[PDB]
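So this one's target_6.cif, mmCIF, C-alpha atoms:
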```cif
data_run
loop_
_atom_site.label_atom_id
_atom_site.label_comp_id
_atom_site.auth_asym_id
_atom_site.auth_seq_id
_atom_site.Cartn_x
_atom_site.Cartn_y
_atom_site.Cartn_z
CA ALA A 1 126.32 102.72 122.61
CA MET A 2 124.69 101.00 119.68
CA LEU A 3 121.58 98.97 119.01
CA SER A 4 121.04 96.94 115.84
CA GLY A 5 118.57 94.56 114.24
CA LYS A 6 117.84 92.77 111.02
CA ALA A 7 114.81 91.56 109.11
CA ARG A 8 113.86 89.96 105.78
CA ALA A 9 110.56 90.79 104.08
CA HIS A 10 109.08 89.52 100.77
CA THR A 11 107.26 91.58 98.15
CA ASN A 12 103.54 91.16 97.72
CA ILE A 13 101.29 91.85 94.73
CA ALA A 14 97.90 93.46 95.34
CA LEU A 15 95.04 91.43 93.91
CA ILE A 16 92.40 93.82 95.23
CA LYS A 17 94.20 97.13 94.88
CA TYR A 18 95.17 99.68 97.47
CA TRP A 19 94.22 102.80 95.62
CA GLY A 20 93.87 106.13 97.37
CA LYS A 21 94.54 107.45 100.89
CA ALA A 22 91.86 108.65 103.29
CA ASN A 23 94.62 110.13 105.52
CA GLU A 24 98.05 111.05 104.26
CA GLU A 25 99.80 111.54 107.59
CA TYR A 26 98.88 108.08 108.95
CA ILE A 27 98.50 106.29 105.59
CA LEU A 28 94.91 105.16 106.21
CA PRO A 29 93.45 103.94 102.91
CA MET A 30 90.18 104.77 101.18
CA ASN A 31 89.51 101.03 100.83
CA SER A 32 90.72 97.64 102.03
CA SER A 33 93.09 95.57 99.88
CA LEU A 34 94.24 91.97 99.44
CA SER A 35 97.60 90.68 98.18
CA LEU A 36 99.69 87.55 97.70
CA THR A 37 103.17 87.54 99.20
CA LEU A 38 105.76 86.11 96.80
CA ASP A 39 108.83 83.94 97.41
CA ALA A 40 111.20 85.15 94.71
CA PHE A 41 111.55 88.81 95.61
CA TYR A 42 112.54 90.10 99.01
CA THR A 43 114.65 92.64 100.88
CA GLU A 44 117.02 92.17 103.78
CA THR A 45 117.72 95.17 105.96
CA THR A 46 120.02 95.77 108.93
CA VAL A 47 119.63 98.97 110.92
CA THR A 48 122.19 100.30 113.41
CA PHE A 49 121.46 103.17 115.76
CA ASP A 50 124.71 104.52 117.23
CA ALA A 51 125.37 107.51 119.46
CA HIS A 52 128.57 108.10 117.50
CA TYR A 53 126.87 108.50 114.11
CA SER A 54 126.78 112.06 112.81
CA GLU A 55 123.97 111.65 110.26
CA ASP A 56 121.53 109.11 108.86
CA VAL A 57 123.09 106.90 106.19
CA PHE A 58 121.26 104.58 103.79
CA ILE A 59 123.14 102.04 101.65
CA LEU A 60 121.16 100.06 99.09
CA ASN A 61 122.73 97.10 97.30
CA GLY A 62 126.15 98.44 98.30
CA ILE A 63 125.45 101.95 97.00
CA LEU A 64 125.23 105.04 99.22
CA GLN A 65 121.85 106.67 98.61
CA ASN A 66 121.59 110.42 98.21
CA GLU A 67 119.16 112.68 100.08
CA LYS A 68 116.25 112.27 97.68
CA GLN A 69 116.72 108.50 97.54
CA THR A 70 116.79 108.39 101.37
CA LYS A 71 113.70 110.56 101.99
CA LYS A 72 111.22 107.79 102.86
CA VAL A 73 113.77 105.85 104.91
CA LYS A 74 114.56 109.04 106.78
CA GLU A 75 110.91 109.85 107.50
CA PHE A 76 110.33 106.34 108.79
CA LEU A 77 113.45 106.55 110.97
CA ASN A 78 112.23 109.82 112.42
CA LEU A 79 108.82 108.28 113.15
CA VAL A 80 110.16 105.21 114.91
CA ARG A 81 112.74 107.31 116.79
CA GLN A 82 110.08 109.75 118.01
CA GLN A 83 107.99 106.83 119.29
CA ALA A 84 110.93 105.21 121.04
CA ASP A 85 112.30 108.55 122.28
CA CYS A 86 115.58 107.56 120.60
CA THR A 87 117.98 110.40 119.80
CA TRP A 88 120.59 108.56 117.75
CA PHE A 89 121.26 108.74 114.04
CA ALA A 90 121.14 105.43 112.17
CA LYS A 91 122.75 103.43 109.39
CA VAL A 92 120.43 101.41 107.17
CA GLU A 93 122.01 98.68 105.01
CA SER A 94 119.58 97.02 102.62
CA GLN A 95 119.98 94.39 99.89
CA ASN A 96 117.29 93.49 97.36
CA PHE A 97 117.14 89.83 96.27
CA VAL A 98 115.65 89.31 92.84
CA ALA A 99 107.18 96.03 95.11
CA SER A 100 110.74 96.27 96.35
CA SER A 101 110.00 99.65 98.00
CA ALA A 102 107.38 97.88 100.12
CA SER A 103 109.48 94.78 100.95
CA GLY A 104 112.18 97.25 101.98
CA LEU A 105 110.00 99.36 104.25
CA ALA A 106 108.55 96.20 105.81
CA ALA A 107 112.06 94.96 106.48
CA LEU A 108 113.16 98.29 107.93
CA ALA A 109 110.14 98.21 110.26
CA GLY A 110 111.14 94.72 111.37
CA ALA A 111 114.80 95.64 111.83
CA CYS A 112 113.89 98.72 113.91
CA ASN A 113 111.48 96.59 115.97
CA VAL A 114 114.40 94.31 116.78
CA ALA A 115 117.00 97.02 117.33
CA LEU A 116 114.89 99.24 119.61
CA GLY A 117 113.38 96.30 121.50
CA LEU A 118 109.81 97.23 120.60
CA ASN A 119 108.56 93.65 121.00
CA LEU A 120 105.70 94.26 118.55
CA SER A 121 102.99 91.79 117.78
CA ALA A 122 102.49 91.01 114.10
CA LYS A 123 99.44 93.27 114.14
CA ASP A 124 101.40 96.14 115.66
CA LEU A 125 104.34 95.59 113.30
CA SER A 126 101.91 95.82 110.37
CA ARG A 127 100.62 99.13 111.82
CA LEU A 128 104.19 100.46 112.07
CA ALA A 129 105.12 99.32 108.58
CA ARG A 130 101.88 100.97 107.34
CA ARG A 131 103.44 104.32 108.27
CA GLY A 132 106.24 103.68 105.83
CA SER A 133 104.06 102.48 102.97
CA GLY A 134 100.65 100.92 102.68
CA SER A 135 101.87 97.89 100.78
CA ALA A 136 104.59 97.29 103.37
CA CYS A 137 101.92 96.54 105.99
CA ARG A 138 100.78 93.45 104.01
CA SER A 139 104.34 92.10 103.56
CA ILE A 140 104.47 91.45 107.29
CA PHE A 141 102.41 88.35 106.40
CA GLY A 142 102.87 85.42 104.05
CA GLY A 143 100.48 83.99 101.50
CA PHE A 144 97.19 85.82 101.17
CA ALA A 145 97.01 88.92 103.32
CA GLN A 146 94.35 91.61 103.77
CA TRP A 147 94.92 95.22 104.80
CA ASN A 148 91.75 96.23 106.67
CA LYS A 149 91.25 99.93 105.99
CA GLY A 150 90.02 100.63 109.52
CA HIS A 151 89.24 104.17 110.51
CA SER A 152 92.33 105.11 112.57
CA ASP A 153 96.00 104.38 113.24
CA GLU A 154 94.90 101.71 115.72
CA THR A 155 92.45 99.87 113.42
CA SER A 156 94.22 100.01 110.03
CA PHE A 157 96.45 96.96 109.69
CA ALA A 158 96.89 93.73 107.80
CA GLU A 159 96.32 90.06 108.62
CA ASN A 160 96.93 86.69 106.97
CA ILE A 161 93.97 85.07 105.21
CA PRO A 162 93.94 81.31 105.88
CA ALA A 163 93.34 79.44 102.63
CA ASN A 164 93.84 75.75 103.59
CA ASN A 165 97.15 76.04 101.73
CA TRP A 166 95.60 77.07 98.40
CA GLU A 167 98.40 79.65 98.01
CA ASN A 168 100.86 76.79 97.65
CA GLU A 169 98.96 75.68 94.53
CA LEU A 170 99.32 79.11 92.84
CA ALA A 171 101.96 81.08 90.98
CA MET A 172 102.57 84.48 89.42
CA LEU A 173 104.50 85.08 86.20
CA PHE A 174 105.91 88.56 85.79
CA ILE A 175 106.19 89.96 82.26
CA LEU A 176 108.83 92.65 82.35
CA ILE A 177 108.03 95.54 80.05
CA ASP A 178 100.87 111.50 93.15
CA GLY A 179 98.83 109.62 90.51
CA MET A 180 96.92 108.10 93.36
CA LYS A 181 96.35 111.49 94.99
CA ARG A 182 95.41 113.10 91.69
CA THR A 183 92.89 110.31 91.10
CA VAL A 184 91.25 110.55 94.54
CA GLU A 185 91.02 114.33 94.27
CA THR A 186 89.93 114.69 90.66
CA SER A 187 88.72 111.53 88.91
CA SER A 188 85.01 111.34 88.02
CA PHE A 189 85.49 107.58 88.06
CA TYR A 190 86.79 107.28 91.63
CA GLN A 191 83.35 106.74 93.23
CA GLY A 192 82.69 103.81 90.90
CA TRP A 193 86.00 102.37 92.03
CA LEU A 194 85.05 102.76 95.72
CA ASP A 195 81.54 101.36 95.19
CA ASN A 196 82.90 98.08 93.79
CA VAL A 197 85.81 97.23 96.14
CA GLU A 198 83.92 95.52 98.94
CA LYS A 199 81.96 93.29 96.53
CA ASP A 200 85.25 92.26 95.00
CA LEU A 201 86.81 91.48 98.36
CA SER A 202 83.81 89.40 99.40
CA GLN A 203 84.03 87.36 96.22
CA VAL A 204 87.77 86.80 96.65
CA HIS A 205 87.10 85.44 100.13
CA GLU A 206 84.40 83.14 98.71
CA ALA A 207 86.73 82.05 95.91
CA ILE A 208 89.51 81.29 98.42
CA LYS A 209 87.15 79.27 100.63
CA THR A 210 86.15 77.06 97.67
CA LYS A 211 89.54 77.14 95.86
CA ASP A 212 87.76 78.51 92.80
CA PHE A 213 90.56 79.78 90.58
CA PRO A 214 88.55 81.08 87.60
CA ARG A 215 86.38 83.07 90.04
CA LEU A 216 89.43 84.52 91.83
CA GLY A 217 91.02 85.40 88.52
CA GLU A 218 88.00 87.09 86.98
CA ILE A 219 87.44 89.26 90.05
CA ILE A 220 91.02 90.39 90.46
CA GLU A 221 91.52 90.99 86.76
CA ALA A 222 88.48 93.25 86.61
CA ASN A 223 89.52 94.91 89.88
CA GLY A 224 92.88 95.85 88.39
CA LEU A 225 91.36 97.14 85.19
CA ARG A 226 88.89 99.23 87.24
CA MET A 227 91.79 100.85 89.08
CA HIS A 228 93.49 101.72 85.80
CA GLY A 229 90.25 103.13 84.36
CA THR A 230 90.13 105.69 87.13
CA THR A 231 93.31 107.39 85.97
CA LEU A 232 91.67 108.16 82.59
CA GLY A 233 89.06 110.21 84.42
CA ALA A 234 91.58 112.17 86.48
CA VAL A 235 92.35 115.81 85.74
CA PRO A 236 94.73 115.79 83.82
CA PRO A 237 94.12 112.17 82.77
CA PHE A 238 96.95 109.68 82.49
CA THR A 239 97.72 105.98 82.18
CA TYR A 240 100.34 103.76 83.75
CA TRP A 241 100.23 101.52 80.68
CA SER A 242 102.92 101.23 78.05
CA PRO A 243 102.48 99.70 74.54
CA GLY A 244 104.02 96.45 75.79
CA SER A 245 101.58 96.34 78.73
CA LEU A 246 98.68 96.13 76.29
CA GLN A 247 100.41 93.47 74.21
CA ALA A 248 100.94 91.36 77.33
CA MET A 249 97.30 91.71 78.44
CA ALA A 250 95.99 90.70 74.99
CA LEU A 251 98.32 87.69 75.00
CA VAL A 252 96.96 86.66 78.38
CA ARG A 253 93.48 86.80 76.89
CA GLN A 254 94.73 84.68 73.97
CA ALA A 255 96.16 82.20 76.49
CA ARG A 256 92.79 81.87 78.17
CA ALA A 257 91.18 81.27 74.77
CA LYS A 258 93.74 78.45 74.19
CA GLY A 259 92.61 76.86 77.43
CA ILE A 260 95.19 78.12 79.99
CA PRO A 261 93.33 79.77 82.92
CA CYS A 262 95.42 82.78 83.86
CA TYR A 263 94.62 86.38 84.74
CA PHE A 264 96.65 89.60 84.67
CA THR A 265 97.10 92.50 87.03
CA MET A 266 99.15 95.72 86.81
CA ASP A 267 100.29 98.25 89.40
CA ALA A 268 101.65 101.80 89.04
CA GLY A 269 103.83 100.98 86.07
CA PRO A 270 104.04 98.92 82.86
CA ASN A 271 104.95 95.40 84.05
CA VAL A 272 102.22 92.78 83.81
CA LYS A 273 101.79 90.16 86.50
CA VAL A 274 99.95 86.97 85.55
CA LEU A 275 98.19 84.80 88.13
CA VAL A 276 98.23 81.11 87.08
CA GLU A 277 97.95 77.71 88.74
CA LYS A 278 101.14 75.75 89.32
CA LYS A 279 99.59 72.71 87.63
CA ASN A 280 98.99 75.03 84.64
CA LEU A 281 102.18 77.05 85.13
CA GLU A 282 104.42 75.18 82.65
CA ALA A 283 101.59 75.27 80.10
CA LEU A 284 101.35 79.07 80.44
CA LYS A 285 105.15 79.43 80.25
CA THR A 286 105.08 77.30 77.10
CA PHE A 287 102.36 79.46 75.52
CA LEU A 288 103.94 82.79 76.47
CA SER A 289 107.38 81.53 75.37
CA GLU A 290 105.95 81.54 71.84
CA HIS A 291 105.83 85.36 72.06
CA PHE A 292 108.23 86.37 74.85
CA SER A 293 111.73 85.18 75.54
CA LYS A 294 111.94 82.87 78.55
CA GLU A 295 114.09 85.61 80.11
CA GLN A 296 111.17 88.08 80.18
CA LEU A 297 109.00 85.60 82.06
CA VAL A 298 110.06 85.64 85.72
CA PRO A 299 108.08 83.17 87.88
CA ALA A 300 107.26 83.35 91.56
CA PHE A 301 105.38 81.31 94.11
CA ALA A 302 103.80 82.15 97.45
CA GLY A 303 106.15 83.44 100.10
CA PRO A 304 106.39 83.81 103.85
CA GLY A 305 105.78 86.72 106.17
CA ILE A 306 108.45 88.77 107.83
CA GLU A 307 111.46 87.16 109.50
CA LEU A 308 113.29 88.91 112.34
CA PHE A 309 116.93 88.40 113.32
CA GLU A 310 119.04 89.62 116.20
CA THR A 311 122.30 90.97 114.89
#
```
Any chance you could give the structure as structure tokens?
Amino acid sequence: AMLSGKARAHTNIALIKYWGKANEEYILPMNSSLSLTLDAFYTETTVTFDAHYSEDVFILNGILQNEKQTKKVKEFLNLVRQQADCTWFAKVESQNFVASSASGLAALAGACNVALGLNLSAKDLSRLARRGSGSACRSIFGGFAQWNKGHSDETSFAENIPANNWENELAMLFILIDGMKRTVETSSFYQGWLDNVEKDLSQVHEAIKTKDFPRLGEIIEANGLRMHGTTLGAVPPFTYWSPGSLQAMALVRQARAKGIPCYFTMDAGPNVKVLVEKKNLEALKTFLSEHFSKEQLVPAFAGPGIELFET
């Protein structure tokens, strides 16, 4: 009386940001977003549903998670159980291989898909993963992927963006160093954010079609900075930046001045991710190694979409 399943999902980094929910219950976003799935960072998850379990159990990198650390896993398990009419508690065993919260919820969605025999299409697996976290719905796919905001549970999902293999020519160098809801509800800058997203997405699509890296980089770098500007108009205002974040961004601008085309983006924290061409990757690493230790520069290339495994 047990059913089990496994999946592996890779992290993705949003180039055009997901920023703000239109609907909290279904995680429908205020705007569409576009990411690059990465090869170096991923999560593997096995789920077991067993009539003999007495409670839900979540183990992460060998470590039993407490109730607060298990809250999102538990809500997702309840959602997928309600849909399957499954009445069994579960054991979730996950291992991060090194953003991670979204690789992990994507992998849980895949593992539950396998265990409960849901037979989901990639589109419908993205919709399920969306209910765990917005960024998880893009990690169902490899390379460039777009989460179409839609207007409902049925129409909000992600898809791969064919790029004639341009993603295999690109890299990302990581420099290790409620806010969303507050911003939607209170920032005087949020409309300006919304009014610029579609133009940015259109230009990314045009950049991808012509393999125009400086165009891609300029658009996504401004898109990220526009997202971070909105938090300074929230009430109370705040920033995700740390002192080291600003140093990294200035150094990326110095790199561009020294002739290395590269562009930075940040998410809901202080790490800085730098988009760079592979053919220019060692040159960037050489320039940044003059200011950071090689150990603080973690590289990554394009990665695949979700992989499912029977147990």
Evaluate the PyMOL selection byres ((chain A and resi 260) around 12) here and jot the selected residues down as a VMD selection string. chain A and resid 213 to 214 217 251 to 259 261 to 263 274 to 288
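From atom CA of residue 49 of chain A back to atom CA of residue 3 of chain A, the distance works out to 5.3 Å.
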Can you list, as JSON, numbers by chain, the residues that the PyMOL selection byres ((chain A and resi 32-36) around 10) selects here? {"A": [11, 12, 13, 14, 15, 16, 17, 18, 19, 28, 29, 30, 31, 37, 38, 39, 134, 135, 138, 139, 141, 142, 143, 144, 145, 146, 147, 148, 149, 150, 156, 157, 158, 159, 160, 161, 167, 170, 171, 172, 194, 197, 198, 200, 201, 204, 205, 220, 301, 302, 303, 304]}
Kindly give the distance, in Å, that separates atom CA of residue 105 of chain A and atom CA of residue 269 of chain A, rounded to a single decimal.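 Interatomic distance, atom CA of residue 105 of chain A to atom CA of residue 269 of chain A: 19.3 Å.
The shortest atom-to-atom distance to residue 85 of chain A, with only C-alpha atoms taken into account, belongs to A:116 out of A:208, A:173, A:116, A:308.
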Evaluate the PyMOL selection byres ((chain A and resi 102) around 10) and record the selected residues as a VMD selection string, following the chain and residue labels used in the document. chain A and resid 9 to 12 42 to 43 99 to 101 103 to 108 129 to 130 132 to 139
Atom completion result for segment 43-78 of chain A (N, CA and C atoms) as a PDB file, in the frame of the given file:
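Writing the result to part_18.pdb gives the following:
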```pdb
ATOM      1  N   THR A  43     113.662  91.658 100.451  1.00  0.00           N
ATOM      2  CA  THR A  43     114.650  92.640 100.880  1.00  0.00           C
ATOM      3  C   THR A  43     115.152  92.234 102.247  1.00  0.00           C
ATOM      4  N   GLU A  44     116.455  92.296 102.448  1.00  0.00           N
ATOM      5  CA  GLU A  44     117.020  92.170 103.780  1.00  0.00           C
ATOM      6  C   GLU A  44     117.595  93.499 104.198  1.00  0.00           C
ATOM      7  N   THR A  45     117.303  93.879 105.439  1.00  0.00           N
ATOM      8  CA  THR A  45     117.720  95.170 105.960  1.00  0.00           C
ATOM      9  C   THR A  45     118.275  94.994 107.373  1.00  0.00           C
ATOM     10  N   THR A  46     119.439  95.597 107.605  1.00  0.00           N
ATOM     11  CA  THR A  46     120.020  95.770 108.930  1.00  0.00           C
ATOM     12  C   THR A  46     119.993  97.256 109.241  1.00  0.00           C
ATOM     13  N   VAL A  47     119.553  97.602 110.440  1.00  0.00           N
ATOM     14  CA  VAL A  47     119.630  98.970 110.920  1.00  0.00           C
ATOM     15  C   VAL A  47     120.544  98.987 112.146  1.00  0.00           C
ATOM     16  N   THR A  48     121.328 100.051 112.252  1.00  0.00           N
ATOM     17  CA  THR A  48     122.190 100.300 113.410  1.00  0.00           C
ATOM     18  C   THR A  48     121.945 101.727 113.856  1.00  0.00           C
ATOM     19  N   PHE A  49     121.550 101.879 115.098  1.00  0.00           N
ATOM     20  CA  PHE A  49     121.460 103.170 115.760  1.00  0.00           C
ATOM     21  C   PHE A  49     122.676 103.277 116.666  1.00  0.00           C
ATOM     22  N   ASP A  50     123.400 104.386 116.567  1.00  0.00           N
ATOM     23  CA  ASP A  50     124.710 104.520 117.230  1.00  0.00           C
ATOM     24  C   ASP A  50     124.899 105.963 117.655  1.00  0.00           C
ATOM     25  N   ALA A  51     125.151 106.163 118.956  1.00  0.00           N
ATOM     26  CA  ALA A  51     125.370 107.510 119.460  1.00  0.00           C
ATOM     27  C   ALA A  51     126.521 108.218 118.763  1.00  0.00           C
ATOM     28  N   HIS A  52     127.419 107.473 118.148  1.00  0.00           N
ATOM     29  CA  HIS A  52     128.570 108.100 117.500  1.00  0.00           C
ATOM     30  C   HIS A  52     128.318 108.453 116.044  1.00  0.00           C
ATOM     31  N   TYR A  53     127.198 108.033 115.456  1.00  0.00           N
ATOM     32  CA  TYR A  53     126.870 108.500 114.110  1.00  0.00           C
ATOM     33  C   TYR A  53     126.594 109.996 114.070  1.00  0.00           C
ATOM     34  N   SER A  54     127.018 110.633 112.984  1.00  0.00           N
ATOM     35  CA  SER A  54     126.780 112.060 112.810  1.00  0.00           C
ATOM     36  C   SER A  54     125.661 112.381 111.826  1.00  0.00           C
ATOM     37  N   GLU A  55     125.143 111.411 111.090  1.00  0.00           N
ATOM     38  CA  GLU A  55     123.970 111.650 110.260  1.00  0.00           C
ATOM     39  C   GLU A  55     123.370 110.298 109.888  1.00  0.00           C
ATOM     40  N   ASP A  56     122.154 110.335 109.362  1.00  0.00           N
ATOM     41  CA  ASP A  56     121.530 109.110 108.860  1.00  0.00           C
ATOM     42  C   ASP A  56     122.138 108.740 107.516  1.00  0.00           C
ATOM     43  N   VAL A  57     122.400 107.454 107.350  1.00  0.00           N
ATOM     44  CA  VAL A  57     123.090 106.900 106.190  1.00  0.00           C
ATOM     45  C   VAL A  57     122.290 105.697 105.710  1.00  0.00           C
ATOM     46  N   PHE A  58     122.022 105.645 104.412  1.00  0.00           N
ATOM     47  CA  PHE A  58     121.260 104.580 103.790  1.00  0.00           C
ATOM     48  C   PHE A  58     122.073 104.040 102.624  1.00  0.00           C
ATOM     49  N   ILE A  59     122.380 102.757 102.676  1.00  0.00           N
ATOM     50  CA  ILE A  59     123.140 102.040 101.650  1.00  0.00           C
ATOM     51  C   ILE A  59     122.211 100.999 101.063  1.00  0.00           C
ATOM     52  N   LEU A  60     122.080 100.988  99.743  1.00  0.00           N
ATOM     53  CA  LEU A  60     121.160 100.060  99.090  1.00  0.00           C
ATOM     54  C   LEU A  60     121.916  99.305  98.008  1.00  0.00           C
ATOM     55  N   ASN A  61     121.959  97.992  98.150  1.00  0.00           N
ATOM     56  CA  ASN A  61     122.730  97.100  97.300  1.00  0.00           C
ATOM     57  C   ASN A  61     124.162  97.603  97.160  1.00  0.00           C
ATOM     58  N   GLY A  62     124.762  98.017  98.274  1.00  0.00           N
ATOM     59  CA  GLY A  62     126.150  98.440  98.300  1.00  0.00           C
ATOM     60  C   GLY A  62     126.374  99.894  97.954  1.00  0.00           C
ATOM     61  N   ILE A  63     125.320 100.632  97.603  1.00  0.00           N
ATOM     62  CA  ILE A  63     125.450 101.950  97.000  1.00  0.00           C
ATOM     63  C   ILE A  63     124.863 103.007  97.937  1.00  0.00           C
ATOM     64  N   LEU A  64     125.706 103.938  98.387  1.00  0.00           N
ATOM     65  CA  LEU A  64     125.230 105.040  99.220  1.00  0.00           C
ATOM     66  C   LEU A  64     124.118 105.800  98.504  1.00  0.00           C
ATOM     67  N   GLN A  65     122.992 105.973  99.188  1.00  0.00           N
ATOM     68  CA  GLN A  65     121.850 106.670  98.610  1.00  0.00           C
ATOM     69  C   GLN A  65     121.930 108.149  98.926  1.00  0.00           C
ATOM     70  N   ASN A  66     121.528 108.984  97.970  1.00  0.00           N
ATOM     71  CA  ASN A  66     121.590 110.420  98.210  1.00  0.00           C
ATOM     72  C   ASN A  66     120.348 110.875  98.973  1.00  0.00           C
ATOM     73  N   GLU A  67     120.246 112.184  99.228  1.00  0.00           N
ATOM     74  CA  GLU A  67     119.160 112.680 100.080  1.00  0.00           C
ATOM     75  C   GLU A  67     117.786 112.365  99.515  1.00  0.00           C
ATOM     76  N   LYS A  68     117.583 112.542  98.209  1.00  0.00           N
ATOM     77  CA  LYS A  68     116.250 112.270  97.680  1.00  0.00           C
ATOM     78  C   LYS A  68     115.941 110.781  97.738  1.00  0.00           C
ATOM     79  N   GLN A  69     116.946 109.936  97.506  1.00  0.00           N
ATOM     80  CA  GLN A  69     116.720 108.500  97.540  1.00  0.00           C
ATOM     81  C   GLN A  69     116.523 107.989  98.965  1.00  0.00           C
ATOM     82  N   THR A  70     116.854 108.796  99.968  1.00  0.00           N
ATOM     83  CA  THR A  70     116.790 108.390 101.370  1.00  0.00           C
ATOM     84  C   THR A  70     115.595 109.009 102.084  1.00  0.00           C
ATOM     85  N   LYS A  71     114.719 109.720 101.356  1.00  0.00           N
ATOM     86  CA  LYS A  71     113.700 110.560 101.990  1.00  0.00           C
ATOM     87  C   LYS A  71     112.679 109.722 102.756  1.00  0.00           C
ATOM     88  N   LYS A  72     112.191 108.632 102.157  1.00  0.00           N
ATOM     89  CA  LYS A  72     111.220 107.790 102.860  1.00  0.00           C
ATOM     90  C   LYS A  72     111.860 107.048 104.018  1.00  0.00           C
ATOM     91  N   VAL A  73     113.071 106.516 103.815  1.00  0.00           N
ATOM     92  CA  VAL A  73     113.770 105.850 104.910  1.00  0.00           C
ATOM     93  C   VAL A  73     113.933 106.814 106.067  1.00  0.00           C
ATOM     94  N   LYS A  74     114.321 108.045 105.756  1.00  0.00           N
ATOM     95  CA  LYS A  74     114.560 109.040 106.780  1.00  0.00           C
ATOM     96  C   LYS A  74     113.275 109.399 107.532  1.00  0.00           C
ATOM     97  N   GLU A  75     112.157 109.506 106.827  1.00  0.00           N
ATOM     98  CA  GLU A  75     110.910 109.850 107.500  1.00  0.00           C
ATOM     99  C   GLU A  75     110.464 108.723 108.401  1.00  0.00           C
ATOM    100  N   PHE A  76     110.652 107.484 107.952  1.00  0.00           N
ATOM    101  CA  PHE A  76     110.330 106.340 108.790  1.00  0.00           C
ATOM    102  C   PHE A  76     111.237 106.290 110.022  1.00  0.00           C
ATOM    103  N   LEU A  77     112.538 106.543 109.832  1.00  0.00           N
ATOM    104  CA  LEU A  77     113.450 106.550 110.970  1.00  0.00           C
ATOM    105  C   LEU A  77     113.053 107.609 111.968  1.00  0.00           C
ATOM    106  N   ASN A  78     112.652 108.786 111.488  1.00  0.00           N
ATOM    107  CA  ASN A  78     112.230 109.820 112.420  1.00  0.00           C
ATOM    108  C   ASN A  78     110.992 109.394 113.191  1.00  0.00           C
TER     109      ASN A  78
END
```
